[PDB]
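Structure, as structure tokens:
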Amino acid sequence: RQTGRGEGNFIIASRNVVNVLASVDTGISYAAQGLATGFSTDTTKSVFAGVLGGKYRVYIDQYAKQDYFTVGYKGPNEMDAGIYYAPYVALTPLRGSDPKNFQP
Amino acid sequence: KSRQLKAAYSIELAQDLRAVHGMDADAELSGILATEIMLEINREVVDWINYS
Amino acid sequence: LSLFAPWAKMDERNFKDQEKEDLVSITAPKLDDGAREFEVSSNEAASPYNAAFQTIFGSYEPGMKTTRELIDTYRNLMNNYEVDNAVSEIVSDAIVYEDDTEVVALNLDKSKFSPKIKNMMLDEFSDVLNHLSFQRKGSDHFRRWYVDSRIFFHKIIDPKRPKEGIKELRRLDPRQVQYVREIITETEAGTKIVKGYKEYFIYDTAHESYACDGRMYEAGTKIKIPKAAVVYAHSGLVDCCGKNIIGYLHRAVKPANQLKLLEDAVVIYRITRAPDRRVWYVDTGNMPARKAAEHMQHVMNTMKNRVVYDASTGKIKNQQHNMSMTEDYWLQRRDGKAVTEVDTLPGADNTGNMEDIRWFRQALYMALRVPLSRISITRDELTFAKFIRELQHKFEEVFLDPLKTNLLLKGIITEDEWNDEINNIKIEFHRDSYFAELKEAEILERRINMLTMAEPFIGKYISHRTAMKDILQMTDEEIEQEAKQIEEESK
Amino acid sequence: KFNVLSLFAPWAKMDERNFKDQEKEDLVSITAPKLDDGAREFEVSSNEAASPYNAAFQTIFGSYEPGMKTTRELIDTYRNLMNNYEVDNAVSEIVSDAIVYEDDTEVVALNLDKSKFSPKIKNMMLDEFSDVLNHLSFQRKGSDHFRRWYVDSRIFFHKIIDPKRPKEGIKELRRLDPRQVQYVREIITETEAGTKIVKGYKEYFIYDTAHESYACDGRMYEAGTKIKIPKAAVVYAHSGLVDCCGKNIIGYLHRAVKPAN
Amino acid sequence: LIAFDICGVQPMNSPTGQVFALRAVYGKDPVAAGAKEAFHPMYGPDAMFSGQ
Numbered sequence: 366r367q368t369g370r371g372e373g374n375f376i377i378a379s380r381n382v383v384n385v386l387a388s389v390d391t392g393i394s395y396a397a398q399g400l401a402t403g404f405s406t407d408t409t410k411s412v413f414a415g416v417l418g419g420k421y422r423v424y425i426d427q428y429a430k431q432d433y434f435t436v437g438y439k440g441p442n443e444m445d446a447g448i449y450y451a452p453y454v455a456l457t458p459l460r461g462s463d464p465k466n467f468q469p
Numbered sequence: 262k263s264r265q266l267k268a269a270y271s272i273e274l275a276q277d278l279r280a281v282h283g284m285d286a287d288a289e290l291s292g293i294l295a296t297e298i299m300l301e302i303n304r305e306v307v308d309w310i311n312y313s
Numbered sequence: 006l007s008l009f010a011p012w013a014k015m016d017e018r019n020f021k022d023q024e025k026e027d028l029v030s031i032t033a034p035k036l037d038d039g040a041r042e043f044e045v046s047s048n049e050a051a052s053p054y055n056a057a058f059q060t061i062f063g064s065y066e067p068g069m070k071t072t073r074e075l076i077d078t079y080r081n082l083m084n085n086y087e088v089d090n091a092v093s094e095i096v097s098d099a100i101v102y103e104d105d106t107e108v109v110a111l112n113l114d115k116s117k118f119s120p121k122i123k124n125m126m127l128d129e130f131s132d133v134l135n136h137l138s139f140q141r142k143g144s145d146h147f148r149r150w151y152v153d154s155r156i157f158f159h160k161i162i163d164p165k166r167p168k169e170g171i172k173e174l175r176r177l178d179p180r181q182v183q184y185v186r187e188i189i190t191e192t193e194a195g196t197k198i199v200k201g202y203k204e205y206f207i208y209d210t211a212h213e214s215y216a217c218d219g220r221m222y223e224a225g226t227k228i229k230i231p232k233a234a235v236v237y238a239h240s241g242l243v244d245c246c247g248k249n250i251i252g253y254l255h256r257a258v259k260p261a262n263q264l265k266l267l268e269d270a271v272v273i274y275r276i277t278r279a280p281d282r283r284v285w286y287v288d289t290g291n292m293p294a295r296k297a298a299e300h301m302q303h304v305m306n307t308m309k310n311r312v313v314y315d316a317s318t319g320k321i322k323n324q325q326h327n328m329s330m331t332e333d334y335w336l337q338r339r340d341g342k343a344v345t346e347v348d349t350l351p352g353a354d355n356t357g358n359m360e361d362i363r364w365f366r367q368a369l370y371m372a373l374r375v376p377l378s379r380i395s396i397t398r399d400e401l402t403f404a405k406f407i408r409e410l411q412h413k414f415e416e417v418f419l420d421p422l423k424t425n426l427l428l429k430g431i432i433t434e435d436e437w438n439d440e441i442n443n444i445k446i447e448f449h450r451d452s453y454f455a456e457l458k459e460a461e462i463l464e465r466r467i468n469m470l471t472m473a474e475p476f477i478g479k480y481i482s483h484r485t486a487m488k489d490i491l492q493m494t495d496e497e498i499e500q501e502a503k504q505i506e507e508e509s510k
Numbered sequence: 002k003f004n005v006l007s008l009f010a011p012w013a014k015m016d017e018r019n020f021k022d023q024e025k026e027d028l029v030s031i032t033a034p035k036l037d038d039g040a041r042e043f044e045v046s047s048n049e050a051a052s053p054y055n056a057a058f059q060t061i062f063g064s065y066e067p068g069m070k071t072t073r074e075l076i077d078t079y080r081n082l083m084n085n086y087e088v089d090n091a092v093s094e095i096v097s098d099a100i101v102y103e104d105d106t107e108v109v110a111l112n113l114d115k116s117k118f119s120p121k122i123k124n125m126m127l128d129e130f131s132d133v134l135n136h137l138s139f140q141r142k143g144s145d146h147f148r149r150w151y152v153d154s155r156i157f158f159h160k161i162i163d164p165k166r167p168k169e170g171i172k173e174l175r176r177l178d179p180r181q182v183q184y185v186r187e188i189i190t191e192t193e194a195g196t197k198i199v200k201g202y203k204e205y206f207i208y209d210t211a212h213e214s215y216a217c218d219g220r221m222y223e224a225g226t227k228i229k230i231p232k233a234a235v236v237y238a239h240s241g242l243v244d245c246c247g248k249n250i251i252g253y254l255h256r257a258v259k260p261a262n
Numbered sequence: 106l107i108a109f110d111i112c113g114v115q116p117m118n119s120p121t122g123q124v125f126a127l128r129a130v131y132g133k134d135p136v137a138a139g140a141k142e143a144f145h146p147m148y149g150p151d152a153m154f155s156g157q
């Protein structure tokens, strides 16, 4: 509504939130929970837990300071994202030596 | 009953737009105006439903 | 519009079949050519509401707008000199007629359910070519198509007695027609399921004024026509992006225009500066403007050559005397110095060497898709023939579409049958018998000459069956048939 | 992973099997990439205590995407060369000779004159082959497919499967749009002083979505993201023509671009 | 916009049209204060009319 550009489609959240998402029945059903199986909770392998309900790409913030989640929207374009990064120079190495002693 | 609106524009604006976005801006305005009318009527219907 | 409801019914069923089958897990849309893109979830089909407005408007204000410029350009090229002959020759070879011969004709040489069906198709075909008035207009339809690369006809139906509804169709104008497709289906991070596209048309009148100064009042148009409702064919020539279909003459636009421009340059050069050109000069300083004028007028209005060649007749205006052997003129010198004078300007000297035109003209002809034989069997003529066949194969859809339409609409065949049967049931075009005979004649002479050479060894090292199948290229059946006919003739 | 892109689940399985076969190979003690042409390889070096592949990731991401941009410039040019006189015909003549097709002639046809399990298979193979051609509408558009291969330097198609009963529900191909697919190879392996391993490479491809209008380029944008899809899902071929080095594949008309201009 | 699938349209080929309505009535005077309708979805009750 607020953006006028489309329904939120991703969430980045704390470990606790993720653990819940993976341990409950996210579909429409009477009631349910159990061991987490629903998504990937292990930051060792990914940051992407999976897609919640088939609607929100859900990711995990391994550095969350306390406990929260952020929901947001990104459109098919790169401009329609709210937040953008625009590299000019990237991963550019510097190389040489110091002639005094040739240390690299 | 009627509905209608005008474009309100000039040449210098178009010249700038040609340079800036590469737009003719005439159709842009027409489409906008068309859009407003259709949306407004749509509201007119919904609102009268709510009214009545 | 209720006017096309029966055609909509057909499109809806076709769309349903696409939905029925698992035509899914597709990224780039399953589209080769034609219609311009749009995407929306299921909408209100009652009328072309804003989603359609924007689609059409988007297809018309930045779309048809320049399409029209291109088609008009294609037509301007078509109507120019020399280039039009190229078109004529192309059109003529594709569409020919001959005394008491066939015209385009359906070749039912494949397995079919029954000969009675074959006969129905032939009759349906005949009605179709008559609907198109092929025998009088096939050349015109083909020509417009070649030039524009798109041809459309309005499809007729009763529809209370739809079985009897096929009738002479109405060819629609380029510049009034647009191809439109829409995707209605959705998946995560982009739609990758049955994107049926529909691929329908938009057609209107509106600003019918360009090469003809038209008159009309303001009105909205944008009519939506079901795919099933229109007969149409187009070229395989498309621009760098989108589905913008271009003319067979597209290749020639560049050189056609620069050639004309160069020709004008030659023309202007030859005309400008042709007549005598001179400036009478006099000193008029420190004189009133209306006094200064007298020095000039005393020369300018007196030393004028009033004798003029009349372009309209073999005579010179005001010439009498017959012709002076001398043109006598003067200027007075009021100052005590050689001050006044008259100068001439450079004339239309002969500098050509009109060689660029030849270069450009030849390059253009190549751009026009013609053999270099234009101003025996050769590579260019064969290539050209291959070209004509492909053009006709595309054009041909103009018959196949209304043919399958009435066959199915009446109920003779089913859609399933059409699809299994074709599998290439081609409509042949008539071929120029004179040239065909010449080609065959060359081939025959070549076969005879080779046979003659083989002959001395044909009874000992090389067999007769071999010479017949490899040198004369006869089939085994052909040979047996010839052996039987020979025996009959002998006895 | 959870295979979010369910679109290619059966193709993913095909790549997994081939990848596993490579893992089981003795192709080790190899310093070379073991590559000649096609998909663009790079040092996505992992499964070792150094993790250098991160630089490789960032390189692809941060620099997105001169590979495909150059490819576009080349293709767009190729089309623009074809648009002129003589080039136009040279292409046509070549395409025609490559695929000659006339009334009652032979089409490209699978000639199984070599040993096979059974004549029954020979017929099955030929019947499938005919359907491949039918899928391609070869008898109507074989010329267009070839022309693009020749001119744009490459041809490629998306393969379509069911997916419920994927070995049965096998459908016709969708000719993919030139300039929209990046083919890649990832060196996911490492050892003493650099990899000398099999380097299976996966050899998958990535589809860049795009929706150009009257832009005649990605004037405003193409369409955001690209999807990484298993190689089993794409039919592709290309000319044996490259730039001075790398997988910088060029078209047949590239050689003429200098004098063409 | 929810254009017109939630309302009627009855498009016209002219401005300013008209619509007719029919009601069954009783009491010998269709146009009167106190006149009664014969049929109505919220009541159709008059079981005493032809009767007692």
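Chains as they are written, first to last, in PDB author numbering: chain A, 366 to 469; chain V, 262 to 313; chain D, 6 to 380, 395 to 510; chain B, 2 to 262; chain L, 106 to 157.
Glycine included, each C-beta is placed from N, C-alpha and C at the ideal position.
Excluding residues up to 5 positions away in sequence, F20, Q23 and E24 lie with their Cβ nearer than 7 Å to the Cβ of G201 of chain B in the same chain. In the structure shown, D178 of chain B falls within a coil segment according to DSSP collapsed to helix, strand and coil. Here DSSP, grouped into helix, strand and coil, assigns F413 of chain A to strand.
Close to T402 of chain D, with beta-carbon spacing below 9 Å, are these residues of chain B in chain order: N90, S93, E94 and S97. The criterion of a C-beta distance shorter than 7 Å is satisfied by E416 of chain D and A238 of chain D. The beta carbon of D244 of chain B is closer than 7 Å to those of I251 in its chain, skipping five residues each way along the sequence. Its chain contains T78 and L82 as the residues whose beta carbon lies nearer than 7 Å to that of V258 of chain D, once the 5 sequence neighbours on both sides are disregarded; these appear in chain order. Contact between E87 of chain B and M371 of chain D holds: their C-beta atoms lie close to 6 Å from each other, under 8 Å. Residues of the region 209 to 221 of chain B with a C-beta atom less than 8 Å from some C-beta of chain D are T210, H212, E213, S214, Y215, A216, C217 and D218, listed in chain order. At a cut-off of 7 Å between beta-carbon atoms, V45 of chain B makes no contact with chain A.
Secondary structure note for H159 of chain D: it is in no alpha helix (DSSP H), and the uninterrupted beta strand (DSSP E) holding it is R155 to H159. DSSP places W285 of chain D in no alpha helix (DSSP H) but in the uninterrupted beta strand (DSSP E) bounded by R283 to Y286.
If you draw a straight line from the Cα of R379 of chain D to the Cα of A216 of chain D, it is about 31 Å long. Contact holds between the region 190 to 208 of chain B and the region 225 to 233 of chain B, because three or more Cβ pairs, one in each stretch, are under 8 Å apart. For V124 of chain L, DSSP records no beta bridge to any residue.
At a cut-off of 7 Å between beta-carbon atoms, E416 of chain D makes no contact with chain A. Going by DSSP, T196 of chain B is part of no beta strand (DSSP E) at all; its letter is neither H nor E. Your pair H146 of chain D and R175 of chain D does not check out as a contact, with CB atoms roughly 12 Å apart and the cut at 8 Å. Between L75 of chain B and chain D, the shortest Cβ-Cβ separation is not below 7 Å. In the three-state scheme derived from DSSP, where H, G and I count as helix and E and B as strand, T435 of chain A is classed as strand.
Against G170 of chain B, the close residues of chain D are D27, in the order they occur along the chain (beta-carbon pairs closer than 7 Å). Against chain D, the beta carbon of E87 of chain B has neighbours under 7 Å at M371, listed in chain order. Sequence-distant partners of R155 of chain B (beyond 5 residues in either direction) whose C-beta falls short of 6 Å from its own C-beta, in its chain, are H239. Contact annotation: in the region 40 to 65 of chain D, residues whose CB is within less than 9 Å of a CB in chain V are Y54, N55, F58, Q59, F62, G63 and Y65. Sequence-distant partners of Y421 of chain A (beyond 5 residues in either direction) whose C-beta falls short of 8 Å from its own C-beta, in its chain, are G373, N374, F375, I376 and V436. The C-beta separation of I162 of chain B from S30 of chain D comes to about 7 Å, placing the pair in contact by the 8 Å criterion. The three-state secondary structure of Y314 of chain D, taken from DSSP, is strand. A distance below 8 Å between beta-carbons, with the five flanking residues on each side excluded, links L417 of chain A to the following residues of its chain, in chain order: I376, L386, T391, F404 and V423. Of all residues in the region 358 to 369 of chain D, only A368 come within less than 7 Å of chain B when Cβ atoms are compared, listed by chain position. Excluding sequence positions up to five before and after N90 of chain D, its CB lies less than 6 Å from no other CB in the same chain.
The region 282 to 296 of chain D and the region 355 to 365 of chain D do not touch, with fewer than 3 CB-CB distances between them shorter than 8 Å. Nearest C-alpha to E42 of chain B among B:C246, B:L6 and B:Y253: B:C246. Scanning the region 22 to 77 of chain B from its first residue to its last, the whole beta strand (DSSP E) runs of 3-plus residues come out as 41 to 43. Each of B:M15, B:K70 and B:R220 was checked against the Cα of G283 of chain V, and the nearest Cα belongs to B:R220.
Judged by their CB atoms, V313 of chain D and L336 of chain D are not nearer to each other than the 7 Å cut-off. The shortest C-alpha to C-alpha distance from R370 of chain A to any of A:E443, A:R460, A:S462 and A:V454 is the one to A:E443.
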